[PDB]
Structures are given as structure tokens and as C-alpha cells.
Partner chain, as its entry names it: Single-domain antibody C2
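First comes one chain, alone, set out as C-alpha cells in the form deposited without the partner chain.
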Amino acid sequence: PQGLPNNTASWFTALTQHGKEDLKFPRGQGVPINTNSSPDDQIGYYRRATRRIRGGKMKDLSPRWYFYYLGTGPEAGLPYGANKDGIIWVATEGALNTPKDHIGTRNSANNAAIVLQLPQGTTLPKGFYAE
């Protein structure tokens, strides 16, 4: 079996925002589970992406937050903690403040995104689901 391609460069599926609350995590939480990574790699950001369709004006759909490792993706040039709307920062204890060159971005045409999982007990804002 093969699913439809996800043309985003994030290595993980998005966290869909079903309510009015933006995505945010308490300090030390939010980094997606990746068994092929070390404690040093557990740092990055989520970026809000929005699909837009016409209805007759151009309305938007439920916002989706995609995780990118530190120093990679659409905000590769932003240092950790940099303020920008739609960008929220996450880091597990013990992570290094260095760009994750070795992990990088996903090639959407040949690699499937990993289902975003978070450790049990992770606090999520209202309208978000770990599923």
C-alpha cells in the first residue's frame, strides 16, 4: 500500500489545530519522537502552515503545525528562541544549540513523513491531539 504524497519538507506529519489556541509547549516538551536520533538532536521549531481554498472569497482551512529540526527548513536561518509569528520553539533537556545538518529536510517525492508522536503525558493546548 502507498498513500498520497505530503509535499511538505517536514520529516513528520502535522499537528492540526482544531480550536482557537495556537500551538505551544511547556519548556522541555514538544519534540517529536525519533528513535534514530541522539539527545543532542532534540531541538527545533513548529511552523504554522495554512491551506487556502476559494468558496466566493479565498477562505483558509484548519491550520497545521509542522516540526523542523533546529537550523533546517523554512526558518533554517532563525536562531533558537527567535520571535516570529507562526513559529514556536521546542527543546528536550540535554539538546545542543547547533543546526541539525545530518538530519536536514525530507524529500517529499521519495520519503514518507513519520507519524508525529509525543511521549505520554505531554501537555497539549485545547484543540490539539496526540491521537
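Positions refer to the first chain, counted from 1.
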task: Look up the CA B-factors in the entry and say which stretch, 46-54 or 27-35, has the higher mean.
output: 46-54
- request: Output the stretch having the higher mean C-alpha B factor in the entry; the candidates are 6-14 and 119-127.
  value: 119-127
field: Among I87, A95, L70, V90 - the residue whose C-alpha B-factor is largest in the record
entry: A95
message: Per the entry's values, where does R106 land by CA temperature factor relative to the rest of its chain, in the lowest, middle or highest third?
response: lowest
